[PDB]
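Engineer: Please find the sequence and an experimentally derived structure below.
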Amino acid sequence: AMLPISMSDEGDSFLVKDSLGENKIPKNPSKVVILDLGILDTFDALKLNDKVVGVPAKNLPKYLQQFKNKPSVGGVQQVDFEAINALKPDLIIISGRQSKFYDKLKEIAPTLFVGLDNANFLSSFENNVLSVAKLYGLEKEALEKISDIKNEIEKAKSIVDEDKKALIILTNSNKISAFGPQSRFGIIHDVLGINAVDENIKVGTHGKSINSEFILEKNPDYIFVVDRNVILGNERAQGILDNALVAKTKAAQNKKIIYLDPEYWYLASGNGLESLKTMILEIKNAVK
Ligand SMILES: O=C(NCCCCCCNC(=O)c1cccc(O)c1O)c1cccc(O)c1O
Ligand SMILES: [Fe+3]
């Protein structure tokens, strides 16, 4: 279990511990650079857009184009450190993609880690949202939003077929890899109750290498596809999965090859009030 975010009220600020370290963070930071696209969407959901002074515009999702106003701090894998310095932020918010540059970032300004725990998605998700909301006095609003998300989870959990199995896959160039429970997309199995065609897929950040022979041998009832091409600006998932083998699966037969929106699933990783809700609905609409 990843250490949670913990905070102590210091009057004009909070003293804040997370899994990478500790920071004094002002109440109401007014100049926040945000490198997690999920948190950006939480900032939008809580009407905190004017607090955001820089975003990774090379990877700004279509669903967050209201932020194309903001100065750019590069990409999520290509941080523009000079632009971050030059903006003189009072807070920087990162997740897993920037952990290795923690120290550089913290030299510049207080740097908060809001990564998701793959083994405890929901508790880490609520902890991230609330920790952010608490900086602004908005815990009440945030908890209401979270409670709405949980009604969706409970509903979605109910319309679930106990006898059908899913495979989660990610496509990239002409390469497929597999994800299962406890992975960066595990909410599908771990939270929404959809069974896994294969319980022993080793968790890895960009998945474990497979091919279409594997997909047909497993013969899942659903295939959830996350097309990383779209994120990288590349060809498409429909290409590599247009083959005779995939076409024979139960998932093809029953029109359950579901292309998940990668901006939400890959980039945001469901780490926001908006993305997570949309993602619950997407799965719910794709499986009923
Ligand atoms: O540490 C990470 N990546 C290091 C960069 C090595 C990846 C090579 C190419 N990646 C990309 O160009 C890329 C671009 C945008 C978003 C991404 O995730 C990407 O991997 C990382 C961490 C959590 C989740 C990810 O997914 C990551 O990668
Ligand atoms: Fe990546």
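Structural biologist: That came in fine, so what should we check first? Numbering: from 1, shown residues only. Ligands and ions are numbered 1, 2, ... in the order given.
Engineer: Output the longest helix belonging to this structure.
Structural biologist: helix 139-158 (DSSP state H).
Engineer: Identify the bridge partners of the residue nearest to residue 207 when sequence neighbours are not counted.
Structural biologist: Closest residue to residue 207 apart from its sequence neighbours, by CB to CB, 6 or more residues apart in numbering: residue 177 at 3.2 Å. Using the backbone N, CA and C atoms, a C-beta is placed for each residue, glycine as well. Going by DSSP bridges, residue 177 is paired in beta bridges with residue 170, residue 209.
Engineer: Now for residue 177: which residues touch it?
Structural biologist: By CB atoms under 8 Å, 6 or more residues apart in numbering, the contact set of residue 177 is 169-170, 206-210.
Engineer: Distance of it relative to residue 208?
Structural biologist: Going from residue 177 to residue 208 by CB to CB, to the nearest Å gives 6 Å.
Engineer: Tell me, how many residues neighbour residue 88?
Structural biologist: Residue 88 has 11 neighbouring residues, counting by other CB atoms under 10 Å.
Engineer: what's the closest non-adjacent residue to it?
Structural biologist: In space, and not counting its chain neighbours, residue 88 is closest to residue 31: 6.9 Å by CB to CB, 6+ apart.
Engineer: thought the one you found was touching residue 92?
Structural biologist: No. Judged on CB atoms under 8 Å, residue 31 makes no contact with residue 92 at a distance of 9.8 Å.
Engineer: Around ligand 1, which positions in this protein sit nearby?
Structural biologist: Residues of the chain found near ligand 1 (CB under 6 Å from any ligand atom) are 59, 76-77, 96-97, 205, 231-232.
Engineer: now that we're looking at the residue nearest to residue 149 when sequence neighbours are not counted, how far away is ligand 1 from it?
Structural biologist: Spatially, and ignoring its direct neighbours in sequence, residue 149 is nearest to residue 277 (5.3 Å; CB to CB, 6+ apart). Computed as CB to the nearest ligand atom, to the nearest Å, the residue 277 to ligand 1 distance reads 22 Å.
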